[PDB]
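Peer 1: Please find one structure pasted underneath; my questions will follow.
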Amino acid sequence: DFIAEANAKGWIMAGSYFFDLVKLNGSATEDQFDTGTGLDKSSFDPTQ
Amino acid sequence: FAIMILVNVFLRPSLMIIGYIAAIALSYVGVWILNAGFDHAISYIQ
């Protein structure tokens with residue numbers, strides 16, 4: 001979709017799409033575990 | 001050998017004035033170049 005604005009946009013910002021272009025040409029050449037569960041934040045003190 | 005220098009010393013002052021005023025605005029516009037693209041130039045980066 002970025003191409004349409006690039007047309008409405010000009011050529012004096014071409015560089016700012018550089019990593020977008022790599023996102024395209026590269027695509028032209030181209031066990032699950034829970035993370036952030038929060039059980040680590042629990043606590044257990046035996047001395048209490 | 002006198003020519004290129006005699007005009008030289010007679011032009012220079014006005015010339016930096018010419019390069020002064022424009023420069024103030026130019027760098028002005030320069031900032032906005034950045035404002036034109038920076039947020040889109042860091043899109044995937046952020």
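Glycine also receives a Cβ, built like all others from the backbone with ideal geometry; neighbour counts cover every protein chain displayed. Bear in mind that the values in this text are calculations on the coordinates, not laboratory data.
Peer 1: Convert 20 °C to kelvin, take the viscosity as 1.002 mPa s, use the Kirkwood radius over C-alpha pairs of the protein assembly as shown as Rh, and evaluate the Stokes-Einstein diffusion coefficient in µm²/s, rounded to a whole number. Before the final figure, lay out the partial values.
Peer 2: Numbers: Rh = 20.0 Å.
Diffusion coefficient, whole number: 107 µm²/s.
Peer 1: Continuing with the same structure: What FRET efficiency would be calculated for the residue pair residue A:5, residue B:34, taking the C-beta separation as r and a Förster radius of 22 Å, to the nearest 0.05?
Peer 2: Working: r = 18 Å, r/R0 = 0.81.
It comes to 0.80.
Peer 1: Which of the chymotrypsin sites (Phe, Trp or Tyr not before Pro) found in chain B are in a DSSP loop and have at most 12 neighbouring Cβ atoms, other than their own, within 10 Å?
Peer 2: Hits after loop and neighbour filter: B:1, B:44.
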